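I have placed the structure first, in the form of structure tokens, so that the comments after it can refer back to it.
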């Protein structure tokens, strides 16, 4: 709707990313998605230099919480270099379900 | 070919499970009143007298 | 949310399963009067008093 | 050029009859090739046990000579032209046809009439055809789809003429004498039982004329004044079971009763078998198909193949399926096969019916391409209906079927009936008869 005041809105987008604390434990955003059966198939389509990175990030950022520290402040994932490496492999599994469905219906 | 009793019996109310289930419910209902009446009567006649009913006419309508 | 039952063919099959079900209430009406000894329904039928 | 205008431009068929009573039919398409044969009414059904294997023994030696072309002189006269020859036999059918070049037509007809009319049962050439036959038996005892369709005719017609096999028991063949081969060919070889047909470049008027010249002394009267009459023979629910625990795969078939040749129920029973389908392990996109069987047996790897067969006769039929399978998967194919039969006489959708009508209309047009196929249809129509049925009529029958017509005709033939079953090893899983019989009725409708 608005554009000039949207520069205000961008500001709050920086606020929430600092409130939720998945950057503090060394993660990126797409590491924290709930894996139902549409996200169990768009993970089996990854190249094997991106699949292994997601395994090492999670296994390190899960043994911090049974020890109850966090990681040094220079090490926090910065806001703008975060990567959406899984949006494109997922907005295709959904787009093909919907199709089997209009078939059966009509 | 000649119409057997079960021939038209199986067609009308024995097919799916549905009418196979209706009659089982209805069958007992037309069965319990006939079976109840003809069971007590033989109890009375076998040894009538002795019971309390067949003497209490000595005490009725004054 | 619940449109996965709402389709051109899906609405048709109801007519394939109402003749079975639309009776299935008559089983209970008869059988209940058997089991719980209903009187008001039993006083509509002249065969059984 | 609408599909509508093209059906009614196909050339028609001419039929005529002789004084003896033999029927003669033809067709013409303006191309440089012809084909001619004779179709006749005989087969293994028609025969007493003392003659179980007789009719397969005559077809085996029609090409081995005659009275005027004594032996080798016959096949050296067809080869120089560049033509072929054939012969087959079924329970009710037998054929003899040729395939040549259009201008050799008077020569072709001479060779046919010389075989069916006067053939030479030379002794000392008997006693040699015998040894080929005895050893022919064992090579097709290792074919497993042909020994399972021989069981199902022996367990569902248990005390009938229609149960005994085509090539006969192995002990009748070893003492089947020469004198017995002259009475089978004298009783069942006579007009009007034969038909003479042709398709291609042929012209009727001269086909009729040659028929006068070469078939004027063909006996038409029946021997003893005896005329056969069928019996609308019985069907039973029965089982058969063979173990063989050192074969890699298992073979299984199963069927119920069906209509006859002239029953008007057949057309909507074709529209329903085309809904089930066919499959094999080398297809493409076989997790993506439209079939209940097709799309599930490919995602889980259950089977190698499956199919649906309808056999028909004068008085009895069959309806069923066949599948070949692993040994740890036998009763997941029964569970899914029967759940589709009940689902079709119970609620059965509309869009599923236009697709299955389209299939059946392509399998009719596609088949009649050639000169061998068209000619083989002409001479079999006569012995089964009269009046070869035009293509314009086959399409206005299919314009009638609806979703409700299919539901009735499935219930009348499938619901709460007794099947017949055949199996070949290694099967232990195959469920008991009391549990196949309880899958023929949903306990709800």
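As a convention, Cβ positions derive from the backbone with ideal geometry for all residues, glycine included, and neighbour counts pool all protein chains shown. What follows draws every value from the coordinates through simple rules; no lab data is involved.
Quickly run through region D:407-423 and pick out the residues that are part of a helix (DSSP H, G or I) and within 14 Å of chain B (Cβ to nearest Cβ).
Looking only at region D:407-423, we keep the residues that are part of a helix (DSSP H, G or I), and these are D:407-414.
The answer is D:407, D:408, D:411, D:412, D:414.
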Task: Residue within region D:147-157 that is under 30 Å from residue D:257 (Cβ atoms), out of contact with any strand residue (DSSP E or B) (no Cβ under 7 Å at 6 or more places or on another chain), without any contact (Cβ under 8 Å) to a residue 40 or more places away in the chain and outside any loop (DSSP other than H, G, I, E, B) present - done: yes
TODO: Pull up region D:311-336, narrow it to residues that are more than 24 Å from residue D:249 (Cα to Cα) and surrounded by fewer than 19 Cβ atoms within 10 Å (Cβ to Cβ), then point me to the one that is farthest from the other protein chains (Cβ to nearest Cβ).
DONE: D:311
Task: All positions within region D:199-233 that are surrounded by 14 or more Cβ atoms within 10 Å (Cβ to Cβ) and under 30 Å from residue D:259 (Cα atoms) - done: D:233
TODO: Go through region C:7-46 and give me each residue that's more than 14 Å from chain D (Cβ to nearest Cβ) and either in contact with a helix residue (DSSP H, G or I) (Cβ under 8 Å, 6 or more places away or on another chain) or touching a residue at least 12 places away in the same chain (Cβ under 8 Å) (or both).
DONE: C:26, C:29, C:30, C:31, C:33, C:34, C:38, C:41, C:42
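Can you spot a residue in region B:32-46 that is away from chain C (no Cβ under 14 Å), more than 24 Å from the chain's Cα centre (by Cα) and either in a helix (DSSP H, G or I) or in contact (Cβ under 8 Å) with a residue 12 or more places away in the chain (or both)?
Within region B:32-46, not a single residue is away from chain C (no Cβ under 14 Å), more than 24 Å from the chain's Cα centre (by Cα) and either in a helix (DSSP H, G or I) or in contact (Cβ under 8 Å) with a residue 12 or more places away in the chain (or both).
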Task: Considering residues of region B:1-26 that are in contact with a helix residue (DSSP H, G or I) (Cβ under 8 Å, 6 or more places away or on another chain) and part of a loop (DSSP other than H, G, I, E, B) only, the residue farthest from the other protein chains (Cβ to nearest Cβ) - done: B:14
Open item on the list: Could you go through region D:116-137 and let me know if any residue there is part of a helix (DSSP H, G or I), touching a residue at least 60 places away in the same chain (Cβ under 8 Å) and closer than 21 Å to residue D:418 by Cα.
Closed with: no
Task: Residues (over 30 Å from the mean Cα position of the chain (by Cα), in a loop (DSSP other than H, G, I, E, B) and within 14 Å of another protein chain (Cβ to nearest Cβ)) located in region D:430-445 - done: D:441, D:442, D:443, D:444, D:445
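Being without any contact (Cβ under 8 Å) to a residue 60 or more places away in the chain, farther than 14 Å from residue D:275 by Cβ, within 14 Å of chain C (Cβ to nearest Cβ) and in a helix (DSSP H, G or I) is the requirement here; does residue D:404 meet it?
Values: without any contact (Cβ under 8 Å) to a residue 60 or more places away in the chain: yes; farther than 14 Å from residue D:275 by Cβ: yes; within 14 Å of chain C (Cβ to nearest Cβ): yes; in a helix (DSSP H, G or I): yes.
In short, yes.
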Open item on the list: Here are the criteria: (1) outside any loop (DSSP other than H, G, I, E, B); (2) without any contact (Cβ under 8 Å) to a residue 24 or more places away in the chain. Tell me which single one residue A:61 does not satisfy.
Closed with: (2)
Open item on the list: Quick check on region D:126-138: of everything there that is within 16 Å of residue D:180 (Cβ to Cβ) and surrounded by 10 or more Cβ atoms within 10 Å (Cβ to Cβ), which residue is farthest from the chain's Cα centre (by Cα)?
Closed with: D:126
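List the helices (runs of 4 or more DSSP H) that sit entirely inside region D:337-400 and contain at least 2 residues that are within 14 Å of chain C (Cβ to nearest Cβ), touching a strand residue (DSSP E or B) at 6+ places or on another chain (Cβ under 7 Å) and buried (at least 16 other Cβ atoms within 10 Å of the Cβ). Give the steps one after another, and end with the answer.
Details: elements: D:351-365, D:372-381, D:391-398.
Counting at least 2 such residues, we get no helices (runs of 4 or more DSSP H) at all.
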TODO: Please give the number of the condition residue A:54 fails out of (1) in contact with a helix residue (DSSP H, G or I) (Cβ under 7 Å, 6 or more places away or on another chain); (2) assigned to a loop (DSSP other than H, G, I, E, B); (3) surrounded by 14 or more Cβ atoms within 10 Å (Cβ to Cβ).
DONE: (2)
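For region D:237-258, which positions are closer than 19 Å to residue D:420 by Cα and either surrounded by fewer than 13 Cβ atoms within 10 Å (Cβ to Cβ) or out of contact with any helix residue (DSSP H, G or I) (no Cβ under 9 Å at 6 or more places or on another chain) (or both)? Walk me through how you get there before you give the answer.
Of the residues in region D:237-258, the ones closer than 19 Å to residue D:420 by Cα are D:237-243, D:250-258.
Hits for region D:237-258 are D:241, D:242, D:243, D:251.
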Task: Flag for residue C:19 being outside any helix (DSSP H, G or I) and surrounded by 10 or more Cβ atoms within 10 Å (Cβ to Cβ) - done: no
Task: Residue count for region A:12-50, restricted to those that are closer than 16 Å to residue A:87 by Cβ and assigned to a helix (DSSP H, G or I) - done: 3
